[PDB]
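The chain below stands alone and is given as structure tokens, in the form deposited in one PDB entry.
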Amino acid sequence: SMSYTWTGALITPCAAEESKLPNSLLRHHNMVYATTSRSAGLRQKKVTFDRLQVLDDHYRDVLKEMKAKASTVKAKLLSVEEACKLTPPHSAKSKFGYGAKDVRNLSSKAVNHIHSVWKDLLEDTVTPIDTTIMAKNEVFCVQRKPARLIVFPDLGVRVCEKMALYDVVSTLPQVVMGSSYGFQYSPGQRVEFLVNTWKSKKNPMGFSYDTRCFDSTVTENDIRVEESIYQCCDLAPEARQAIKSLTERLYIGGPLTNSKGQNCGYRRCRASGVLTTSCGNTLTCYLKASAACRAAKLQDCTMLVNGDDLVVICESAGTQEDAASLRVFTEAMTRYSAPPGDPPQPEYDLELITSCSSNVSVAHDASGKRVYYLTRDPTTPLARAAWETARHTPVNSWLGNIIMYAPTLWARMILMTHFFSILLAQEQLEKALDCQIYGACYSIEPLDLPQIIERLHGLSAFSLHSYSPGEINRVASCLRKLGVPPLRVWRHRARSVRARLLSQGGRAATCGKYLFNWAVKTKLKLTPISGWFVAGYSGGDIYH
């Protein structure tokens, strides 16, 4: 079938959308843009086509193996009150007379509607359920993406998703997929696994595989396969009917209504904005890629999967033979309707592989031992940091980034420095901020960072020191490219910030001591002082 059919009604904005900044961070303000509904038509072209899927024996053996593991999972229905509490405070309000706040407070009005939306699921496994369709506002840097398309149901139904399926998507993927399930790894757990599976090969070769617009490629068959997988769990029979209902009425497809209540058409592929999207896309990607490995007679594959993002580390068979096996791999994905975006490439250096927007690189600790840590090109982080300082958004990527990328050259010299500067100047150190980790919202007190980082990356994150030539040049380049003060200017800014931090005592002093010891010249000596990197919930409307 067609991934989407369109009526012609436009995808419409909710309010005024900014596509530009209105400066101590970066001078090239004209290089940073946000996507808007003005690019919707273009994204619409990219994401719509007919899907021709052809399964094979490898697909069925992997599935049968996945089903066997899934059958050992037992999972419980969630109550209204547990599901309510998981709803973020600023989730989109219902069109039936209530908002997230009412939900979170167990207002009998929201809860009654939730009850009646559940009953209807139990009674009706057929009528497609309505979705809103919207163009996302995401900041990027020049060199231009069309907005991505977010699709999601009413709050009422979201709460019910949590009821039927929160336990399933939190628990199953790890069990079905073992060490291949990416969202079980904190950043240092993730480097840990990758580096060890790399060294475990005799003659290693790795590749990432970018699937072209994954959500579009996910077929209605795919989503029932996914369901059948969920169905193998030992489920309470009321969860069983809700799950059949939700997949048939929402996950499989349905009508697309825009911000003004007009009909834009009909989706027959993955909604980005539903509970099962991450889990589903991971299962579906792991399944299809596991089979593509078997087709291409790739030897001794270890895989790592995070939604549509896929890495494979395996035994090389020579460079010709590799390049070819990759072409066979690609051909099979394509048959399974997960065609290529960038055509995949063999790498023989773990550092050059990019997966989950990230790569392994190596630094040294105080003692001089070698430490592997996880980094990325800092462009999008810096851009969005410049955006976030300019226009006050309720979302704070800088902080997530500091948390995910705390050992890096750039998060430490640039992000830590800049933002502790804003917070000191604004007297807002003590204020918690919401940030997103694997699609769940957490409230985080910026003063806790020292502990947080020690816990997630160890003590060495405060003293890594001979970063690699490739890393340094990427960061230095990105800086010139974007118009950001070079690294030596951040050193002098950090000495200033550290000092102000220290004079305040308490936890601000701890932040200054630990976060900024790289900047001093004579080092102080640094002694010691969750449910976070467990699952993927992006699109999933989850709060903690």
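Note that residue numbering begins at 1 and tracks the sequence as displayed. Basically, rigid core = biggest C-alpha set you can superpose within 1.5 Å across the two forms.
Between 436 to 444 and 239 to 247, the one whose CA atoms sit farther away in 4 other deposited structures of this protein (rigid core aligned) | Result of the core-fitted comparison in 4 other deposited structures of this protein: 436 to 444 deviates more.
Do the Cα atoms of 121 to 129 or those of 452 to 460 sit farther, on average, from the shown form in 4 other deposited structures of this protein after fitting on the core?
-> If we average over structures and residues in 4 other deposited structures of this protein, the farther stretch is 452 to 460.
Counting only residues of the deposited sequence, how many between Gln143 and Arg144 have no atoms in the entry (none, 1 to 3, 4 to 9, 10 or more)?
-> Going from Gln143 to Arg144, the model skips 4 to 9 residues of the deposited sequence.
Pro22-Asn23 interval: deposited residues absent from the model | The entry has 4 to 9 unmodelled residues between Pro22 and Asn23.
Identify the stretch, either 422 to 430 or 315 to 323, whose C-alpha atoms have the larger mean B-factor according to the entry.
-> Averaged over C-alpha atoms, the B-factors run higher in 422 to 430.
456 to 464 set against 250 to 258, stretch whose average Cα temperature factor tops the other in the entry = Higher of the two, by average CA B-factor, is 456 to 464.
Sort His113, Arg391, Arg270, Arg190 by C-alpha B-factor from the entry and give me just the highest.
-> That would be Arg391, according to the entry.
Which of these, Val195, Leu310, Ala296, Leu449, has its C-alpha atom at the highest B-factor, as the entry lists it?
-> Reading the PDB entry, the winner on C-alpha B-factor is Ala296.
If you rank the chain by CA B-factor, which third does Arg224 end up in: lowest, middle or highest?
-> Its C-alpha B-factor belongs to the middle third of this chain's values.
Report the third (lowest, middle or highest) to which the CA temperature factor of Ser496 belongs, ranking only the modelled residues of the same chain.
-> Within its chain, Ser496 is a lowest-third residue by C-alpha B-factor, going by the deposited values.
Compare the C-alpha B factor of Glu445 with those of the other modelled residues in its chain, then answer lowest, middle or highest third.
-> Middle third - that is where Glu445 ends up once the chain's C-alpha B-factors are sorted.
Select lowest, middle or highest to describe the third in which the CA B-factor of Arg335 falls within its chain in this entry.
-> Highest third - that is where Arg335 ends up once the chain's C-alpha B-factors are sorted.
Would the CA B-factor of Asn105 place it in the lowest, middle or highest third of its chain?
-> Answer is middle: the recorded C-alpha B-factor places it there.
The form deposited with a small molecule bound is left out here; the points below concern that form.
Pick from 108 to 116, 129 to 137, 289 to 297, 351 to 359: which stretch has non-hydrogen atoms within 4.5 Å of the small molecule in the entry with it bound?
-> Single hit among the candidates: 351 to 359.
Among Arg335, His418, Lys244, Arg474, which has any heavy atom within 4.5 Å of the small molecule in the entry with it bound?
-> None of the other options qualify; the answer is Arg474.
Using a 4.5 Å cut on heavy atoms, which of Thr72, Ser200, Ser468, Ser259 is close to the small molecule in the entry with it bound?
-> None of the other options qualify; the answer is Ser468.
Does the 4.5 Å heavy atom contact test between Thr217 and the small molecule in the entry with it bound come out positive?
-> No, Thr217 is distant from the partner.
Should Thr375 be counted as a contact of the small molecule in the entry with it bound, where contact means heavy atoms within 4.5 Å?
-> Yes, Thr375 lies within 4.5 Å of the small molecule in the entry with it bound.
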